């Protein structure tokens, strides 16, 4: 069952064994992934998050971000700890009360405190469109058509040893999968389809790190949505999906009744599918209950290439059709050395006072805001360009901007910009050495918006800045409830 748009959401510790290995976790709604939060476009979400965490090994504070939702006028509800709020302390609750005007698509929610979402606090968030322009492309779109891709670790996120390479221990598809080492034949997820029907599969990367090469043996996938943005139909046979991205694709159940492997190959961790790792099962109604016997091709015929995506709507690109053709054109120097990432020479370390509270308390320029050098002001009502040249270790880095989606004027692995009809999205791979992935957006959403690599380990190691968008209108735009105002004093008192 989906929950919302008005719902409680309990955050608890529990043991889970999604790949046959038991470990404690941080869960929303008692499950991994958490329950799907859903509503319709324009709805008022009121998600009362109950922090019932007691195991300090995964942090007993929490804060939840609603990934991809713009939070216009509700910056305080965005969730990134020490950017828009202090964490919720254990035994307390907090009502994230916001609206979703002008958005409809596939989103997700996750802890936004430290690396806590890796420990399990992640789930889908769907804003349905009663008049979806893509509605006539499919027959079924419901909780059974959401596909989550997750990395899963046997070591707790706070306990990953300093200086050891972090890699996952399993890929989980809809919460189930098999471990890369000491593989046991634990249950695989089954996605069931009826021959002849067409399904809106909502593919959600809830990854903390790896990108996945996602495919379904025997089937093609017609992309119709990218990170909440409706796209023209683009048929592919493989999707490389980076952390935090979403796609909807139409799956036409047009193959012989049978079982077909669903594949999600991460870029690190276990390679291949031995023992049924990196796998789930697409089962047609009437098929025998047994594992697929299909194989992947050696080479996919039509992998997704981001430049092939185009918005369904005439979204264009703001600004002028050349590099620097913006009101505020930025080029960030993204670097890694010695275990720390930096942006323009500053490694992000969260401040004591949330950025939003600093602004509300009177800090009125970015030089007043902490962390020093980590907060960049953006002028209001302006076209922003941000070039994100890659090269920093650990890539490809999926950069994500809160509060906004953006035109992807230049994509990974292709030096040619597109000032005409690029896809808009909210999380973008910045590609490889020499690339110059570049985004554009207009600043019509006052508040401090995080920009960071969505590889959670990289965020934790400093790969972030805050855009303090329209500082002058931030307080007026984002009236705060008393309960928000109460968070920092409670947090700081609890220590």
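Positions refer to the first chain, counted from 1. Between two forms, the rigid core is the largest collection of C-alphas that superpose within 1.5 Å.
Larger average C-alpha displacement in 9 other deposited structures of this protein, relative to the shown form after a rigid core fit, is seen for 158-166 when comparing 353-361 with 158-166. As the entry records it, the average C-alpha temperature factor is higher for 363-371, out of 166-174 and 363-371. In this entry, the higher average B-factor at the C-alpha atoms falls on 153-161, of the pair 115-123 and 153-161.
Highest C-alpha temperature factor among 33, 431, 42, 447 per the entry: 42. Set against one another, the Cα B-factors of 410, 93, 230, 405 in the record reach their highest point at 93.
Compared with the other modelled residues of the chain, the Cα B-factor recorded for residue 63 ranks in the lowest third.
Ranked by Cα temperature factor within the chain, residue 78 sits in the lowest third according to the deposited record. The deposited CA B-factor of residue 427 belongs to the lowest third of values across its chain. Sort the chain's modelled residues by C-alpha temperature factor and residue 110 lands in the lowest third, per the entry. Sort the chain's modelled residues by C-alpha temperature factor and residue 398 lands in the lowest third, per the entry.
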